[PDB]
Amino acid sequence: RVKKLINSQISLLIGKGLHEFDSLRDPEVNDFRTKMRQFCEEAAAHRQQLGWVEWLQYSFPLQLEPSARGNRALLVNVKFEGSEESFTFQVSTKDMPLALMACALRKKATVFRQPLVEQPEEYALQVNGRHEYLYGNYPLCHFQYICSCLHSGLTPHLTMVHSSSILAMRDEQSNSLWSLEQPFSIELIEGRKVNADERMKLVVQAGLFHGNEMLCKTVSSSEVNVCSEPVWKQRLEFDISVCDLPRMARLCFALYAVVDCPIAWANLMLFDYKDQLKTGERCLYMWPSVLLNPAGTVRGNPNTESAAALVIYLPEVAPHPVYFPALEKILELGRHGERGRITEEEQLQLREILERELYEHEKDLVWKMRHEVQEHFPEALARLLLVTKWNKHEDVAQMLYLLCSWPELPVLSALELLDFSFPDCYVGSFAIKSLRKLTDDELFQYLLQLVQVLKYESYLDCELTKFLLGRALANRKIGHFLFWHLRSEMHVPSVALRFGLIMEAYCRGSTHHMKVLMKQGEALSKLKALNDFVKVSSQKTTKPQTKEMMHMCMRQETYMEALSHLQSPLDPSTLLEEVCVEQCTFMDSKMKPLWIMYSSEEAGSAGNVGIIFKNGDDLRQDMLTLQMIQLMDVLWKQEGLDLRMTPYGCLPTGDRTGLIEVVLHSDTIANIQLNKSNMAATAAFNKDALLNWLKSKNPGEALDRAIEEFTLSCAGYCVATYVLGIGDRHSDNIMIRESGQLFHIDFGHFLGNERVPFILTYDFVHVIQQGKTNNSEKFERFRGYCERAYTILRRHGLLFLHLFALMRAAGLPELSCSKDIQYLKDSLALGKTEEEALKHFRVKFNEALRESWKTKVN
């Protein structure tokens, strides 16, 4: 009964019935399902037996300040679970949670006149009405929650949770090739269901690829007249022996009409998932184009009824099955050869290119010196993997002999190896091996890219999937975001099977978390139906009329139940308790997004949270932009610079659907600049508006801190939008917080899409200068923040480039070519010394001040 129940709940949550994986009768899907179910159920068993602190590390992973992972006194209100009563203690920032625990326990002993059996060690500190905890040996200032409280001046509210109450949570949450010298060849039989102009002819272009690099030149078929069912029945002979074909070789096709006109493409892996070379007839269910697409999926289009179908024939090269030689035979072949006997002058020339795109002779020097590359320049592995002739088996074996004895490389170097430019399974396997040392916070930071890399994968059962599942089942937040990255792409036919299969495997490993996520999905189901109603309604009547009707709809028990008592998909730590129907509304833009507010008596002031549900637009690019700004913030803070950034949440959840985090106490620059009457912010000059509003919100001494907050966030956003090429910036997509904090919203365009200049808006220069026409003391202190922030990002120039290259797998239109990646290389001026790039930045900063000074004049 329960086995049947779990499957039906998995089918509903993943957004595809489990029976549909079975109907494929594909042994690759069936072997993935049994192997990963077993792998996931082991993690489940390991977890259900963890210690109580180890359970806190899984369920409530520490949220530490970027400064700690690698005095000033304060009031903290502490209480005990089974009591409404609480005590406020004066503590220090330098103090550990345990000192506060033993403190909380002394006052409870005096209040109850009993010398308490318990020790501070037995308890943990929960943030009031949040799935957040404060434990480990870290001062209060090192926790993201205490640090936050110190800037908004607020008192931290904590609850003492006993070890027995945590274990209660743990318990309630239970579950031979190299002797085939003949040239490679296929028989292109015919084409099916093709749709093209009857005037033209159909040509099939096939190509053999090892990622982006061609194994041999391309070949085109004979020009056969346009008709629905074209016929060829001709041999295609490639310029490569069947002995020379690498394990990860993909045969690519491109059907196209000509008098050029793309129609469809399709790719397949020449070797199956059991290392066996493929034989027999092959029907290719084609994907529609807009010619050769090597990066595209190697699985056929699921829509067999409408899609084009080319019939090929991989012939029997031998009378018995042929497998790719095992590692033991590979390492034995590559074990033989001559080392690099190079003179001091060529060793200097080698050091020049290995520390530096290179000429043909320069690739010959890397290859000869492949042992000195391994020995003295191991971090130059990727450059050596690029010089390898992946169309020669002896060359691949010599290379794969060095890779098996290659020392582990840093996380930075491992991320580059994950690229499609490195298609070898042993190279990919080596990348995950060097990525294991990634901490949970770093893995969280790069989890979006690692999920997109799943789209480059040639087979279902892979190291990257087992790695992502392993880390996801060891950490409930990683698991949370892994699920939503997969769930949000189920509508895309090319990944739906892969992604469907990963979530099922996850769900097997966490039955309780599937139930938690089903609750998020039920809430998002209601929000879609309500948002649709608002779209239709706003077209038929006034905003108060639609708002009231949204409120009536929300007040239905079905809605009240589905929309309340959940974990936020934006942040699993945030609990969305009682839905505040009176505060819910909708935005007046094209997609009419929903503004949903929540309150929690258990969480108090911190439990006033809201989420925005937006349906109609792809939100993935916003998310990427936001994650990139957040990374900058993390990087700046690791160098001691806090630019008071607002890296608010944005998470795609489904088809052109997702969530945006509400920042309360903020309004857009435009709304403030409206300069309305009978308000505190009303101005004598419109340039006074932002400043007047910062004054109204910040009385007395407080105003100076708001001007500083503005200056810091501004400098951070001026740099963030310049490096990322964020354009279409106006007063409607620029916001200000009551604390003085400036931040940007709605990122529709990045990376030029051409050559976006640095912008200094005189409205924000007027606040920086404290309303003074000239204030060089304050203006140049802001230029210093821009510079420092700019020169810190350049030091991690290789990281953003490594991350943005991986994001090319996402299929975002503004991230589709090397022109987009080049944009970042120019914005960070990576091909320059720190001096040159700085002088250049100043040229562009002064170019922006001259442009700002246009308004200043009037």
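If you superpose the two forms and keep the largest set of C-alpha atoms that fall within 1.5 Å, you have the rigid core. A residue's number is simply how far along the shown sequence it sits, counting from 1.
Participant: Rigid core superposed, root mean square over structures and residues, which stretch has C-alphas farther from this form in 7 other deposited structures of this protein, 466-474 or 767-775?
Facilitator: Stretch with the higher C-alpha RMS distance in 7 other deposited structures of this protein: 767-775.
Participant: Aligning on the core, I want to see which stretch wanders more in 7 other deposited structures of this protein. Is it 151-159 or 516-524 by C-alpha RMS?
Facilitator: Result of the core-fitted comparison in 7 other deposited structures of this protein: 151-159 deviates more.
Participant: Look at the other compared PDB entries that model both sides of residue 68, then say whether a third or more of them leave it out.
Facilitator: Residue status for residue 68: gap in at least one third of the other entries.
Participant: Indicate yes or no: is residue 532 absent from the model in at least a third of the other PDB entries of this protein that were compared?
Facilitator: In all of the other entries, residue 532 has coordinates.
Participant: What size is the break between residue 279 and residue 280 in terms of deposited sequence residues left without coordinates: none, 1 to 3, 4 to 9, or 10 or more?
Facilitator: Going from residue 279 to residue 280, the model skips no residues of the deposited sequence.
Participant: Should the segment between residue 259 and residue 260 be described as having none, 1 to 3, 4 to 9, or 10 or more unmodelled residues of the deposited sequence?
Facilitator: 10 or more residues lack coordinates between residue 259 and residue 260.
Participant: Got a sec? Mean C-alpha B-factor, which is higher, 138-146 or 716-724?
Facilitator: For C-alpha atoms only, the mean B-factor is higher in 138-146.
Participant: Which is higher in the entry, the mean Cα B factor of 462-470 or that of 624-632?
Facilitator: Averaged over C-alpha atoms, the B-factors run higher in 462-470.
Participant: Tell me which of 430, 112, 613, 710 tops the list for C-alpha B factor in the record.
Facilitator: Highest C-alpha B-factor among the listed options: 112.
Participant: Go through 152, 673, 558, 770 one by one and give the residue whose Cα B-factor in the PDB entry is largest.
Facilitator: When the deposited C-alpha B-factors of 152, 673, 558, 770 are compared, 152 is largest.
Participant: Going by the entry, which third of its chain does the Cα temperature factor of residue 61 land in?
Facilitator: Bottom third by C-alpha B-factor.
Participant: Based on the entry's values, in what third of the chain does the Cα temperature factor of residue 751 lie: lowest, middle or highest?
Facilitator: Middle third, going by the recorded CA B-factors of the chain.
Participant: Which third of the chain holds residue 819 when residues are ordered by C-alpha B factor: lowest, middle or highest?
Facilitator: For residue 819, whose C-alpha B-factor we compare with every modelled residue in the chain, the answer is the highest third.
Participant: Determine, from the deposited record, the chain-internal third of the Cα B-factor for residue 379: lowest, middle or highest.
Facilitator: Answer is middle: the recorded C-alpha B-factor places it there.
Participant: Residue 759's Cα B-factor: lowest, middle or highest third of the chain?
Facilitator: Residue 759: CA B-factor falls in the middle third of its chain.
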